[PDB]
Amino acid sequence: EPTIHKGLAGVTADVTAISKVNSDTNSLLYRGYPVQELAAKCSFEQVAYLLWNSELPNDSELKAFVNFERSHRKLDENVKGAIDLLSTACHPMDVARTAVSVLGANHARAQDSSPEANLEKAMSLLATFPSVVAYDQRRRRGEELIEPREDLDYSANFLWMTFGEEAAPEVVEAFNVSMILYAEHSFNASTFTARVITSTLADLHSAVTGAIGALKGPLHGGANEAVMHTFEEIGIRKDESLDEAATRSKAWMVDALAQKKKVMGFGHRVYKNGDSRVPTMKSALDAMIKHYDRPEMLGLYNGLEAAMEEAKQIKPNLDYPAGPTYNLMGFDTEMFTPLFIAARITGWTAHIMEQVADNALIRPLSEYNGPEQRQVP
């Protein structure tokens, strides 16, 4: 009998020069640079450039990159039209999936996968995607589209188009950090989906559209939305002693755990000792707790993670501190995963291009366990 590799656990599918994920040391390198260091002193734009070019940009390279980014943000007429054909009650990920699908379809160079074509498509997609997210949230709130501002950077513009008012320096900074942390992460389900689609020699947009579908699930990127929904189930409140928070948090967890349910925002396929991005994202969460003056959040937050460690020895992942952060920022919970897409577009496309450069069709085998050979009547 062959060895069955359920979920491809522990299976090395390929080599990659984009990032290194180390469980033992809770470390993550983006083309050699530790993510904590990039988050501490780089803009998402620099990190986006880094992931694609394998090097941090010099002043002139960054200027050109930033100029292209800020001039490719406007939401295409047909893409907006497609979003308006979708109900304001459908899932934001399905809207993102549709938007990117239309973007790829009407793209002048949809069929060209040359390094130059893919980079241009990748950068243009990264630039325009935030307009999809911002408009999707505003339309649900009965509001209208807000045009991009060339005087605002990626993060400041993202917040601007969504809320129609410039965010505080601390807020755009905490948002920038989350984009960098979510940017890239080896062969996760969505990135691998993108590589499988690419392995067939299908285009970049086809790959991203499939990756978006994968990122949607609660076991993947959908965990950030799930984390916040969970905090909404349990009462948020204010004034309640830490007893309320911890007793109720553990109580919600106790009830979920006894029902054999998984608690989202905890655990990881690779990280067995803690997420490399958690300390950084938690620091951003703390900055936001302080900024919006809402220490109440921590009650439920601390209580649930303490209870998980105690009951299952499972530490939180990036989605745990990220959900509450976007909540404080004013985003609707359903929009949390689309925010992950916005950032992960960088990692997805870098892998798509890497896959194209050293391709081999990805097509595994299955072991049959169905009905034995029968003759058709």
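The first residue of the shown sequence is 1; numbering continues from there.
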Task: Selected stretch [higher average CA B-factor]: 214 to 222 or 286 to 294 - done: 286 to 294
Task: Higher-scoring stretch by recorded Cα B factor average, 227 to 235 or 76 to 84 - done: 227 to 235
Open item on the list: Between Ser190, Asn273, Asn157, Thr98, which one tops the list for Cα B-factor in this entry?
Closed with: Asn273
Open item on the list: Among the choices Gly164, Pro130, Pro115, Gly267, identify the one whose CA B-factor in the record is greatest.
Closed with: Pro115
TODO: Please place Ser54 in the lowest, middle or highest third of its chain by C-alpha B factor as given in the entry.
DONE: middle
Task: Where the record places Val263 (Cα B-factor, split into thirds across the chain) - done: middle
Open item on the list: Per the entry's values, where does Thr333 land by CA temperature factor relative to the rest of its chain, in the lowest, middle or highest third?
Closed with: lowest
- [ ] Consider only the C-alpha atoms of the modelled residues in this chain, order them by B-factor as the entry records it, and name the third containing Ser206: lowest, middle or highest.
- [x] lowest
Task: Ranked against its chain, the third holding the CA B-factor of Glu120 - done: highest
